[PDB]
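Visitor: Please read through the structure below; I'll follow up with questions.
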Amino acid sequence: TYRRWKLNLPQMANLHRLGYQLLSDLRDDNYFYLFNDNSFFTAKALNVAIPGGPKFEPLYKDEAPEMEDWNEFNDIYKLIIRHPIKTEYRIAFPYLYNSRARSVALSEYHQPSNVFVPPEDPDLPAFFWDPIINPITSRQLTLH
Amino acid sequence: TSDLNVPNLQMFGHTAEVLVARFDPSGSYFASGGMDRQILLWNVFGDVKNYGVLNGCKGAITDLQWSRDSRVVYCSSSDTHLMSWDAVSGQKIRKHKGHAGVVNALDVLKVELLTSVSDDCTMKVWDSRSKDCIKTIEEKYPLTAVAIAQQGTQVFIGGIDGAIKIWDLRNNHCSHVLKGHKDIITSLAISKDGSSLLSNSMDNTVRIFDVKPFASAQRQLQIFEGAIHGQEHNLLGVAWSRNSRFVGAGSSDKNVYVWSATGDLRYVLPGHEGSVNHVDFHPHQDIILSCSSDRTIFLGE
Amino acid sequence: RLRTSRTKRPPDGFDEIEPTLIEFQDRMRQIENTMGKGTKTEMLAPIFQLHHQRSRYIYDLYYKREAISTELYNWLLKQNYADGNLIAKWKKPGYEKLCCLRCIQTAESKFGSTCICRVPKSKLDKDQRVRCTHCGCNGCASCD
Amino acid sequence: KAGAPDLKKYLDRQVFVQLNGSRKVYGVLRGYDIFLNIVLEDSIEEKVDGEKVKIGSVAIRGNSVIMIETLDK
Amino acid sequence: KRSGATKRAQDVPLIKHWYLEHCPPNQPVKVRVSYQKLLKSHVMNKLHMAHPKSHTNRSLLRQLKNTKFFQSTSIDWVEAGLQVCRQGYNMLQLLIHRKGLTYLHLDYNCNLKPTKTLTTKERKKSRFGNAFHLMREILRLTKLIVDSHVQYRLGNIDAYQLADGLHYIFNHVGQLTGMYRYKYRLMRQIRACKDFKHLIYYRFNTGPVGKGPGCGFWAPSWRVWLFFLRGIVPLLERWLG
Amino acid sequence: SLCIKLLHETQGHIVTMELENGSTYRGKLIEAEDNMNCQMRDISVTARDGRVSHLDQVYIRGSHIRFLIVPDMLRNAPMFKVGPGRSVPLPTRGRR
Amino acid sequence: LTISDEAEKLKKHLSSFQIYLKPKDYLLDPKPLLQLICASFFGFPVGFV
Amino acid sequence: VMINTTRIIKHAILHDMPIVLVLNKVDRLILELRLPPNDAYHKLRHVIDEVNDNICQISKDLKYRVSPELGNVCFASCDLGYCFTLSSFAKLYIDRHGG
Amino acid sequence: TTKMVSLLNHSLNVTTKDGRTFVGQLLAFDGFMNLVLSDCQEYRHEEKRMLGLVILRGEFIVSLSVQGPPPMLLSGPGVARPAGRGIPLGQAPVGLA
Amino acid sequence: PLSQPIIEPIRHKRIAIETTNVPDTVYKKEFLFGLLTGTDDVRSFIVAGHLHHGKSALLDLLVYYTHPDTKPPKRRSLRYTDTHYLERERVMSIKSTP
RNA sequence: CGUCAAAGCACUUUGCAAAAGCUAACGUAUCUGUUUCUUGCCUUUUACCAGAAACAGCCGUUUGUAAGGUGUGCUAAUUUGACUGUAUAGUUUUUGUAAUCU
Ligand SMILES: O=P(O)(O)O[C@H]1[C@@H](OP(=O)(O)O)[C@@H](OP(=O)(O)O)[C@@H](OP(=O)(O)O)[C@@H](OP(=O)(O)O)[C@H]1OP(=O)(O)O
Ligand SMILES: Nc1nc2c(ncn2[C@@H]2O[C@H](COP(=O)(O)OP(=O)(O)OP(=O)(O)O)[C@@H](O)[C@H]2O)c(=O)[nH]1
Ligand SMILES: [Mg+2]
Ligand SMILES: [Mg+2]
Ligand SMILES: [Zn+2]
Ligand SMILES: [Zn+2]
Ligand SMILES: [Zn+2]
């Protein structure tokens, strides 16, 4: 019936080597910062579009001047301009950088970065000091 | 003329033929079982609904027996086993193995002693906890029914031969047989006092014998006709009234036969669609229980 | 089933019995192509006759004359050269000369009964001693 | 298996030992063993009368030690 | 892992991470658009995620196998495909007859062409519906696939040509069948196959390998059509019933 | 060992123990061992006759203990199952 | 030992520690196998307490 | 040690709070960073020294000092499920091998 | 030693090497036969003293006995409906026709 | 507005993970209350550190042992003592749960 | 690994029932349809465009349980569960500082 499989370590290593063209090489998940699913849900809700991602329909067409008033709140007169508020800000912190924040979704804030680098050659031992790692030298302390 | 809500109550359930249905000795419950490998527990008074199902048996419930404690249930299985079912919790207590064929009948004792017969031509005595036959009796031809006297030394076994054999467990002297039948004995039953033996045989005659150490010969008290057996060779039961003055039996002609134990037929009431396997009487009131191979059982007066 | 020239060579005892299996296939092709002279079910009887004969040939090779090793026999059962279930029936008492498996199954009959060929002829009247409609069997009973 | 008794806090301290049979010995603990075998130096023995006889360096078997007691606050 | 649960063949995407990540730089406009559109479809799929509802196991084939009218055996896939094509052709032919439309010819490639000039009466009577035509076009696609496999089995083409032809068939349904006419919602599947073609070609034709026939990576397009069929099966069964 | 675990549980409380002599000890248990060697504080020694004396720091060897009177509220202490190799009764989460 | 797929050596070594695992447990994912081995070898985190 | 760790240490020592240090994610030294055992020891020691420096920046008292030999530092891997100290391995050895 | 387990939560009297007797509820025991008794009474010589939670040494114990037993189904498919018996006009076994 | 329902639907605003009934622990609750009330075996402290350094996993380690019913989730860490749908969304602690 | 207990066991076919309780992948995959709205293209309908809400369908998955099939066993095989599981006369419990009298 083929409902469960169990493979050895050599077999799995061989299959991983043989199909190496067709799998990702990220292992970190921090790569998808504003380009993950929940950010896309937020962007769809806010009608903004990350410039590499999809574009949908507004989902909220109620923006007519029914109030007929600028509300003397968002006016330039009483606002300190320092930097433009990009849409990346509106997506990363959906509840702070935009009012009318409905149907947005929150995304995972951060993940511990992966510090694994695959070995280049099998001759080297499994546990070996990588020259990329900075040396442990901190003669800059004042202990007891 | 009793506490039943309706004088007649047809009881539905089961998915196959029902082979046994016996009242609780207290008189408030009764269980039934058949070819669907399930035992159902009933409420004699009230809503008359199921509160428990005894699942787990791997064969037809050929026979079952209530315990005096009215808390454990012993069942006879066609799969060569005898299980003890805890009625209150519905869990398998023990499974007595040791036969070599379909075990046809079962009986309990007044003291925790079980007896049974099977097609391997043997009868076995079981302790409620020993899980093994303490005593084995080996016959030439398959046996079909047993009855144990509540005093606790005599067992009556009935088989193909057509002569009831009375065995003393301690003595092992068997030189006393209740001759008179000429065909297979379907069932046996003992009176409340333990003084008379009730037998049914496939020669269509229901006879009554006396269980006394002394007799004036022709231990045959009287015989009854009318209750007939069909061609399916079913094991039709006989019953004893609470006052032991009415004897009852089932028949393959869908009629329940009740007698006065004095030779005159009293009730011949019909109502079943198929062969009537088992019959019993309530120990307190004047109820009668019917058990037939038409997936149904009837409550009585 | 079908084998290529580049496939794993069958066990050692195969080549002695290859020609007779090829001949079995030849007659199967002939029976497939031959048409007419029967009802919608009658024309499909020689198929079962030949299938039973081939499976019986393999069963005879193994279990009565021991002319083949168990590895080759298991290989033959795996490659559908013989019916495993039919042989399983042949190996148990009462079914030594079973014709086919459609004459044993009771769900394919009108009244939930096995085929007529299964009944011993000593219990059968002279008039109703006919050829089975499923496969043309003329008595499967081990007694006969 | 066995276990080392916890007596580091009692090392090099005026200690009082009770033996079996109503014996009583002073001393400063200098060592111990797995079986609570102890070693005492400049110890003093008491009798039932109470006269203090200096007893010397002492190596008590642990099997006879009932209690080990210190007096400091 | 070292231990799993053997998903089905079409439940393994094999290139989903290609477009879940960012687009590689310096790609032409159409490739970037393809990446974005496939990502959009995936996002819409995830947004309307419904926790599956509880239901007892039912399956058509087990119910059919229970009956006495259905038997079972083990045959080659190509033989089964030829049988399915022939049976569908016979069913459509029997349906064209029984209506009197014996002047319409359903040739073996499933084209419905009149054998003579039809009058207004005949032209009005011989007009079929969307269900019949959609089934005819699905049958035509099935015959295309089975005929490619048959060509391979005869030695007319080798394995590489067969894989390339299957990829071409799956990417070019809109040009080979014309099934879009009777159900225009197929254009989602056609656009998806075009986008998969863009990704696979531009990750395939890199370096020494250039432009031309030869790319036979047909798994993604094949599963796209399988997932179209999953939804269209009940609709056609209702319509044909 | 569950009894030794309860003795360790006692630590910090006032436990009464009587030794093979017959004298009972009333003080605060501060340490305990698998051998049941005990350390006590502020002990009120009641000899076999009944004379009352007072001790401050003792180290009673475990081989000379008869029994102990543990404070009552320790009757609800949890009795963990102990596997074969484990030497201390602790909550378990592995195989056993 | 847990990671590198050495069933017999790990089995013998844990037998020396009286840590006994069911035979299906060695055929586990690397990470739950590590968790099981560490929860049997190191018991309750009593050092922290 | 990061910026929030520094802030927590400063505020805790400022308020006279005893500190117990847990060196978490030890398994990443073995399975992820793949350091040899000696380099791993150096990394652990460097982290403890940095923590002690952050403590000393507020009060050079010897009462506030974290070091495994004081039983004040725990090596842990809460994902794999262990948290031991020097004493927890000394006792783990002792239970097996005697007195 | 599986029988030793069966005395948990029972009430036990233990005669000791000294000669006393403790009565109480058994909570846990040990390989060295260290007994933990709850709500323990002392039988000297008989005088009654409440003791409480008591841990016995193994050596102290001589013998023990118990004085008191340990302290302390789903549904069905059948349905009942009243009905009457219907008399059939035939008199023959079901098999015979 | 049309959006306003005439008959308001029944809504239960749940904000945190909160079991209806007390889960079974390895120890008895009366023992814990006795320890808290009449014993000096109680320790009050906080678990603090940097972001994602593992302070909630440390408490999950003890919870796994004292609560046998809890099992690790499928795709992430248990992060017991988060108990806020916002925190379960950001996968980080925002409130100080005792 | 060991002791104890009950269950023949491994593979497999079919039926029946169930599958979030503590915020979470029944399915790391992914189609279709109906109703009510808002849109796009629009000469009228089907077929359509793309967003929402409420509903359904189909392709699959897991578990429990019942009855069978095949291969091997009952003159033993395997599986599941439970377990307060180990030595030892040489001081910290079980191979006796006992008897003596009081
Ligand atoms: O239709 P497009 O996706 O734009 O691709 C077409 C063309 O397809 P058609 O034959 O359907 O027009 C080829 O693709 P196949 O037909 O081979 O699938 C061809 O592909 P190769 O050149 O790789 O053979 C080439 O695509 P490209 O030039 O991107 O490689 C070309 O593209 P243009 O339409 O832009 O010419
Ligand atoms: N590899 C590895 N990962 C760990 C370990 N301990 C925790 N993690 C992971 O570290 C991440 C953060 O764990 P948390 O428990 O949320 O850490 P945290 O301190 O609660 O994070 P904050 O609450 O925001 O401060 C999760 O992915 C944990 O699985 C460990 O010992 N080893
Ligand atoms: Mg946290
Ligand atoms: Mg019009
Ligand atoms: Zn046949
Ligand atoms: Zn036949
Ligand atoms: Zn036949």
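If you're wondering about the labels, chains in the structure tokens are A, B, ... by order shown, residues count from 1 in each chain, ligands from 1 in order shown.
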I want to know what sits within 10 Å of region 2-15 of chain I, based on only C-alpha atoms (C1' of nucleotides), with residues of the same chain fewer than 2 positions away left out; could you give that as a PyMOL selection string?
Guide: (chain I and resi 17-31+33+35-43+56+60-72) or (chain K and resi 4+83-84)
Visitor: I'd like the neighbourhood of region 23-33 of chain D as a ChimeraX atom specification, where a residue qualifies if any of its atoms comes within 8 Å (using only C-alpha atoms (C1' of nucleotides)), though same-chain residues fewer than 5 positions away should be ignored.
Guide: /D:4-5,7,10-18,38-47
Visitor: Put those residues in a file: N, CA, C and O atoms, as a PDB file, in the first residue's frame.
Guide:
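Output contents, as saved in out_26.pdb:
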ATOM      1  N   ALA D   4      29.967   9.319  49.541  1.00  0.00           N
ATOM      2  CA  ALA D   4      30.835  10.046  50.451  1.00  0.00           C
ATOM      3  C   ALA D   4      30.001  10.897  51.398  1.00  0.00           C
ATOM      4  O   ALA D   4      29.173  11.687  50.940  1.00  0.00           O
ATOM      5  N   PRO D   5      30.185  10.763  52.706  1.00  0.00           N
ATOM      6  CA  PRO D   5      29.444  11.605  53.646  1.00  0.00           C
ATOM      7  C   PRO D   5      29.858  13.059  53.533  1.00  0.00           C
ATOM      8  O   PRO D   5      30.982  13.386  53.153  1.00  0.00           O
ATOM      9  N   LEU D   7      30.982  16.078  55.174  1.00  0.00           N
ATOM     10  CA  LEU D   7      31.585  16.521  56.423  1.00  0.00           C
ATOM     11  C   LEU D   7      32.673  17.568  56.212  1.00  0.00           C
ATOM     12  O   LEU D   7      33.480  17.786  57.117  1.00  0.00           O
ATOM     13  N   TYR D  10      32.801  20.306  58.804  1.00  0.00           N
ATOM     14  CA  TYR D  10      33.220  19.916  60.138  1.00  0.00           C
ATOM     15  C   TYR D  10      34.718  19.712  60.246  1.00  0.00           C
ATOM     16  O   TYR D  10      35.202  19.375  61.326  1.00  0.00           O
ATOM     17  N   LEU D  11      35.463  19.898  59.164  1.00  0.00           N
ATOM     18  CA  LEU D  11      36.891  19.646  59.208  1.00  0.00           C
ATOM     19  C   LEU D  11      37.594  20.721  60.018  1.00  0.00           C
ATOM     20  O   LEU D  11      37.273  21.906  59.914  1.00  0.00           O
ATOM     21  N   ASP D  12      38.568  20.293  60.820  1.00  0.00           N
ATOM     22  CA  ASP D  12      39.397  21.187  61.627  1.00  0.00           C
ATOM     23  C   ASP D  12      38.553  22.057  62.554  1.00  0.00           C
ATOM     24  O   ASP D  12      38.726  23.273  62.631  1.00  0.00           O
ATOM     25  N   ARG D  13      37.625  21.422  63.264  1.00  0.00           N
ATOM     26  CA  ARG D  13      36.798  22.116  64.234  1.00  0.00           C
ATOM     27  C   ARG D  13      36.684  21.277  65.493  1.00  0.00           C
ATOM     28  O   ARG D  13      36.700  20.046  65.437  1.00  0.00           O
ATOM     29  N   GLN D  14      36.564  21.954  66.631  1.00  0.00           N
ATOM     30  CA  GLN D  14      36.320  21.269  67.891  1.00  0.00           C
ATOM     31  C   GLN D  14      35.014  20.502  67.808  1.00  0.00           C
ATOM     32  O   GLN D  14      33.943  21.102  67.683  1.00  0.00           O
ATOM     33  N   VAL D  15      35.087  19.177  67.870  1.00  0.00           N
ATOM     34  CA  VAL D  15      33.926  18.341  67.627  1.00  0.00           C
ATOM     35  C   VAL D  15      33.800  17.370  68.792  1.00  0.00           C
ATOM     36  O   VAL D  15      34.772  17.063  69.480  1.00  0.00           O
ATOM     37  N   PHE D  16      32.582  16.888  69.013  1.00  0.00           N
ATOM     38  CA  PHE D  16      32.284  15.983  70.113  1.00  0.00           C
ATOM     39  C   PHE D  16      31.605  14.752  69.548  1.00  0.00           C
ATOM     40  O   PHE D  16      30.593  14.866  68.854  1.00  0.00           O
ATOM     41  N   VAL D  17      32.149  13.580  69.852  1.00  0.00           N
ATOM     42  CA  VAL D  17      31.701  12.325  69.269  1.00  0.00           C
ATOM     43  C   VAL D  17      31.118  11.442  70.357  1.00  0.00           C
ATOM     44  O   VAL D  17      31.682  11.335  71.447  1.00  0.00           O
ATOM     45  N   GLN D  18      29.984  10.825  70.064  1.00  0.00           N
ATOM     46  CA  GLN D  18      29.369   9.842  70.943  1.00  0.00           C
ATOM     47  C   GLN D  18      29.552   8.463  70.333  1.00  0.00           C
ATOM     48  O   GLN D  18      29.144   8.232  69.193  1.00  0.00           O
ATOM     49  N   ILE D  38      36.378   8.135  61.186  1.00  0.00           N
ATOM     50  CA  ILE D  38      36.878   9.481  61.411  1.00  0.00           C
ATOM     51  C   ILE D  38      38.267   9.411  62.029  1.00  0.00           C
ATOM     52  O   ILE D  38      38.717   8.367  62.493  1.00  0.00           O
ATOM     53  N   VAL D  39      38.952  10.550  62.026  1.00  0.00           N
ATOM     54  CA  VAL D  39      40.276  10.690  62.612  1.00  0.00           C
ATOM     55  C   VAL D  39      40.291  11.950  63.453  1.00  0.00           C
ATOM     56  O   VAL D  39      39.870  13.012  62.987  1.00  0.00           O
ATOM     57  N   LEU D  40      40.777  11.842  64.680  1.00  0.00           N
ATOM     58  CA  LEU D  40      40.776  12.958  65.604  1.00  0.00           C
ATOM     59  C   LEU D  40      42.192  13.210  66.095  1.00  0.00           C
ATOM     60  O   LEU D  40      43.012  12.291  66.159  1.00  0.00           O
ATOM     61  N   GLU D  41      42.484  14.460  66.427  1.00  0.00           N
ATOM     62  CA  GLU D  41      43.778  14.810  66.983  1.00  0.00           C
ATOM     63  C   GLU D  41      43.546  15.658  68.225  1.00  0.00           C
ATOM     64  O   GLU D  41      42.510  16.308  68.357  1.00  0.00           O
ATOM     65  N   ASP D  42      44.524  15.627  69.131  1.00  0.00           N
ATOM     66  CA  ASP D  42      44.516  16.288  70.436  1.00  0.00           C
ATOM     67  C   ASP D  42      43.187  16.129  71.166  1.00  0.00           C
ATOM     68  O   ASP D  42      42.744  17.023  71.891  1.00  0.00           O
ATOM     69  N   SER D  43      42.577  14.961  71.019  1.00  0.00           N
ATOM     70  CA  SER D  43      41.264  14.679  71.570  1.00  0.00           C
ATOM     71  C   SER D  43      41.344  14.399  73.073  1.00  0.00           C
ATOM     72  O   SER D  43      42.416  14.174  73.636  1.00  0.00           O
ATOM     73  N   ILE D  44      40.178  14.412  73.722  1.00  0.00           N
ATOM     74  CA  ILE D  44      40.044  14.136  75.151  1.00  0.00           C
ATOM     75  C   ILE D  44      38.860  13.208  75.374  1.00  0.00           C
ATOM     76  O   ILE D  44      37.774  13.443  74.838  1.00  0.00           O
ATOM     77  N   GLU D  45      39.055  12.177  76.183  1.00  0.00           N
ATOM     78  CA  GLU D  45      38.013  11.211  76.500  1.00  0.00           C
ATOM     79  C   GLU D  45      37.325  11.562  77.811  1.00  0.00           C
ATOM     80  O   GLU D  45      37.963  12.043  78.748  1.00  0.00           O
ATOM     81  N   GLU D  46      36.018  11.328  77.869  1.00  0.00           N
ATOM     82  CA  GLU D  46      35.245  11.421  79.098  1.00  0.00           C
ATOM     83  C   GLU D  46      34.843  10.033  79.571  1.00  0.00           C
ATOM     84  O   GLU D  46      34.564   9.147  78.759  1.00  0.00           O
ATOM     85  N   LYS D  47      34.815   9.849  80.887  1.00  0.00           N
ATOM     86  CA  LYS D  47      34.249   8.649  81.473  1.00  0.00           C
ATOM     87  C   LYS D  47      32.871   8.967  82.044  1.00  0.00           C
ATOM     88  O   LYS D  47      32.380  10.095  81.960  1.00  0.00           O
TER      89      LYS D  47
END
Visitor: Using only C-alpha atoms (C1' of nucleotides) and all ligand atoms, find each protein or nucleic acid residue lying at most 6 Å from ligand 1; present the set as a CSV table (one decimal) with C-alpha atoms, in the first residue's frame.
Guide:
chain,number,residue,atom,x,y,z
E,201,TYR,CA,12.4,27.4,-20.1
E,211,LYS,CA,16.5,27.9,-27.9
E,212,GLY,CA,14.6,25.1,-29.5
E,213,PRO,CA,12.6,21.9,-28.7
Visitor: Counting only C-alpha atoms (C1' of nucleotides), a student should be able to say which residues of chain A come within 12 Å of chain K; what is the right answer, written as a PyMOL selection string?
Guide: chain A and resi 1-3+44-45+47+55-62+103
Visitor: Now that the selection is made, can you save its residues with N, CA and C atoms as a PDB file, in the first residue's frame?
Guide:
ATOM      1  N   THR A   1       0.777  -1.229   0.000  1.00  0.00           N
ATOM      2  CA  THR A   1       0.000   0.000   0.000  1.00  0.00           C
ATOM      3  C   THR A   1       0.820   1.298   0.000  1.00  0.00           C
ATOM      4  N   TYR A   2       2.114   1.312   0.349  1.00  0.00           N
ATOM      5  CA  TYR A   2       2.885   2.560   0.221  1.00  0.00           C
ATOM      6  C   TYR A   2       2.318   3.723   1.013  1.00  0.00           C
ATOM      7  N   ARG A   3       2.243   3.532   2.312  1.00  0.00           N
ATOM      8  CA  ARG A   3       1.630   4.540   3.137  1.00  0.00           C
ATOM      9  C   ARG A   3       2.618   5.145   4.110  1.00  0.00           C
ATOM     10  N   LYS A  44      -2.776  42.746   0.453  1.00  0.00           N
ATOM     11  CA  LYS A  44      -4.059  42.648  -0.225  1.00  0.00           C
ATOM     12  C   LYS A  44      -5.126  43.425   0.514  1.00  0.00           C
ATOM     13  N   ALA A  45      -5.133  43.344   1.844  1.00  0.00           N
ATOM     14  CA  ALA A  45      -6.112  44.090   2.620  1.00  0.00           C
ATOM     15  C   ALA A  45      -5.922  45.593   2.480  1.00  0.00           C
ATOM     16  N   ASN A  47      -4.454  47.125   0.004  1.00  0.00           N
ATOM     17  CA  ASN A  47      -4.411  47.435  -1.418  1.00  0.00           C
ATOM     18  C   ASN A  47      -3.052  47.923  -1.893  1.00  0.00           C
ATOM     19  N   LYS A  55      -0.749  41.513  -7.183  1.00  0.00           N
ATOM     20  CA  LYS A  55      -1.653  42.646  -7.085  1.00  0.00           C
ATOM     21  C   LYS A  55      -3.080  42.139  -7.148  1.00  0.00           C
ATOM     22  N   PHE A  56      -3.901  42.557  -6.197  1.00  0.00           N
ATOM     23  CA  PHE A  56      -5.284  42.121  -6.121  1.00  0.00           C
ATOM     24  C   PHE A  56      -6.214  43.318  -6.255  1.00  0.00           C
ATOM     25  N   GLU A  57      -7.497  43.056  -6.092  1.00  0.00           N
ATOM     26  CA  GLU A  57      -8.523  44.077  -6.088  1.00  0.00           C
ATOM     27  C   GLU A  57      -8.604  44.748  -4.725  1.00  0.00           C
ATOM     28  N   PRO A  58      -9.139  45.965  -4.673  1.00  0.00           N
ATOM     29  CA  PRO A  58      -9.043  46.761  -3.438  1.00  0.00           C
ATOM     30  C   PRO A  58      -9.566  46.115  -2.165  1.00  0.00           C
ATOM     31  N   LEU A  59     -10.662  45.361  -2.220  1.00  0.00           N
ATOM     32  CA  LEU A  59     -11.282  44.743  -1.046  1.00  0.00           C
ATOM     33  C   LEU A  59     -11.988  45.749  -0.150  1.00  0.00           C
ATOM     34  N   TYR A  60     -11.791  47.036  -0.396  1.00  0.00           N
ATOM     35  CA  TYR A  60     -12.447  48.061   0.407  1.00  0.00           C
ATOM     36  C   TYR A  60     -12.577  49.297  -0.471  1.00  0.00           C
ATOM     37  N   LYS A  61     -13.744  49.474  -1.067  1.00  0.00           N
ATOM     38  CA  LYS A  61     -13.979  50.575  -1.984  1.00  0.00           C
ATOM     39  C   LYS A  61     -14.588  51.794  -1.308  1.00  0.00           C
ATOM     40  N   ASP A  62     -14.745  51.773   0.014  1.00  0.00           N
ATOM     41  CA  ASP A  62     -15.337  52.893   0.750  1.00  0.00           C
ATOM     42  C   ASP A  62     -14.255  53.910   1.115  1.00  0.00           C
ATOM     43  N   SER A 103      -8.671  43.642   8.407  1.00  0.00           N
ATOM     44  CA  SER A 103      -8.367  42.427   7.662  1.00  0.00           C
ATOM     45  C   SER A 103      -6.879  42.225   7.433  1.00  0.00           C
TER      46      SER A 103
END
Visitor: Near region 82-92 of chain I, counting only C-alpha atoms (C1' of nucleotides), which residues have an atom at most 10 Å away, once you skip same-chain residues fewer than 4 positions from it, shown as a list in words?
Guide: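 Neighbouring residues, sequence-local ones excluded: residues 5, 6, 7, 8, 9, 10, 11, 228, 229, 230, 252, 253, 254, 255, 269, 270, 271, 272, 273, 298 and 299 of chain B; 96 and 97 of chain I.
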Visitor: I need the chosen residues saved as a compact mmCIF listing (two decimals), in the first residue's frame, with N, CA and C atoms.
Guide:
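selection-v6.txt, written as the output of this step:
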# COMPACT_ATOMS: atom_id res chain seq x y z
N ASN B 5 -45.78 -1.40 31.88
CA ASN B 5 -46.56 -0.29 31.37
C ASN B 5 -47.63 -0.78 30.40
N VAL B 6 -47.28 -1.73 29.55
CA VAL B 6 -48.21 -2.31 28.58
C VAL B 6 -48.22 -3.82 28.82
N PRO B 7 -49.37 -4.49 28.73
CA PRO B 7 -49.39 -5.94 28.95
C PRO B 7 -48.50 -6.72 28.00
N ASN B 8 -48.32 -6.26 26.77
CA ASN B 8 -47.45 -6.92 25.81
C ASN B 8 -46.48 -5.91 25.24
N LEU B 9 -45.19 -6.24 25.23
CA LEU B 9 -44.17 -5.31 24.75
C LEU B 9 -43.24 -6.06 23.81
N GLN B 10 -43.36 -5.78 22.51
CA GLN B 10 -42.46 -6.36 21.52
C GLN B 10 -41.12 -5.63 21.54
N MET B 11 -40.03 -6.38 21.62
CA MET B 11 -38.70 -5.80 21.80
C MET B 11 -37.87 -5.95 20.53
N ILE B 228 -43.41 -28.60 19.13
CA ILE B 228 -42.76 -29.41 18.11
C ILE B 228 -41.49 -28.70 17.65
N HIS B 229 -40.58 -29.49 17.09
CA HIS B 229 -39.30 -29.00 16.60
C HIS B 229 -39.25 -29.11 15.09
N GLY B 230 -38.62 -28.12 14.47
CA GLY B 230 -38.52 -28.06 13.03
C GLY B 230 -37.35 -28.84 12.49
N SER B 252 -40.85 -24.62 17.17
CA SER B 252 -40.51 -24.10 15.86
C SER B 252 -41.73 -23.67 15.07
N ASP B 253 -42.94 -23.93 15.57
CA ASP B 253 -44.16 -23.46 14.93
C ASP B 253 -44.58 -22.10 15.44
N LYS B 254 -43.64 -21.31 15.95
CA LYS B 254 -43.82 -19.92 16.34
C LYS B 254 -44.75 -19.75 17.53
N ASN B 255 -45.12 -20.83 18.21
CA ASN B 255 -46.02 -20.78 19.36
C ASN B 255 -45.23 -20.99 20.64
N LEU B 269 -50.10 -19.29 23.23
CA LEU B 269 -50.15 -18.00 22.56
C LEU B 269 -49.15 -17.90 21.42
N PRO B 270 -49.58 -17.51 20.21
CA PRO B 270 -48.65 -17.27 19.10
C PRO B 270 -48.09 -15.87 19.16
N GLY B 271 -47.36 -15.46 18.12
CA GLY B 271 -46.90 -14.09 18.04
C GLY B 271 -45.54 -13.90 17.39
N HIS B 272 -44.82 -15.00 17.18
CA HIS B 272 -43.49 -14.96 16.61
C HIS B 272 -43.52 -15.24 15.12
N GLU B 273 -42.51 -14.72 14.41
CA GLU B 273 -42.39 -14.93 12.98
C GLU B 273 -41.56 -16.15 12.63
N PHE B 298 -40.31 -11.01 23.07
CA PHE B 298 -41.56 -10.51 23.63
C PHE B 298 -41.58 -10.59 25.15
N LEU B 299 -42.09 -9.54 25.79
CA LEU B 299 -42.39 -9.59 27.21
C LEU B 299 -43.81 -10.10 27.38
N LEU I 96 -40.84 -26.94 7.06
CA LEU I 96 -41.79 -27.67 6.23
C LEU I 96 -42.78 -26.72 5.58
N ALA I 97 -43.12 -27.00 4.33
CA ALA I 97 -44.10 -26.20 3.61
C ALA I 97 -45.15 -27.10 2.97
Visitor: Between I:74, I:32, I:52, I:79, which is the closest to chain K once you count only C-alpha atoms (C1' of nucleotides)?
Guide: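 Looking only at the distances to chain K, the closest residue turns out to be I:32.
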Visitor: Please tabulate, as a Markdown table, the residues of chain C that come within 7 Å of ligand 7, each with its closest pair of atoms and the distance in Å to one decimal, counting only C-alpha atoms and all ligand atoms and ordering rows by chain, then residue number upward.
Guide:
| residue | atom | partner | partner_atom_place_in_ligand_line | distance |
| --- | --- | --- | --- | --- |
| C:98 | CA | ligand 7 | 1 (Zn) | 6.2 |
| C:99 | CA | ligand 7 | 1 (Zn) | 4.3 |
| C:100 | CA | ligand 7 | 1 (Zn) | 6.4 |
| C:103 | CA | ligand 7 | 1 (Zn) | 5.8 |
| C:117 | CA | ligand 7 | 1 (Zn) | 4.4 |
| C:118 | CA | ligand 7 | 1 (Zn) | 6.0 |
| C:132 | CA | ligand 7 | 1 (Zn) | 6.2 |
| C:135 | CA | ligand 7 | 1 (Zn) | 6.8 |
| C:137 | CA | ligand 7 | 1 (Zn) | 4.1 |
| C:138 | CA | ligand 7 | 1 (Zn) | 6.2 |
| C:139 | CA | ligand 7 | 1 (Zn) | 5.4 |
| C:140 | CA | ligand 7 | 1 (Zn) | 4.5 |
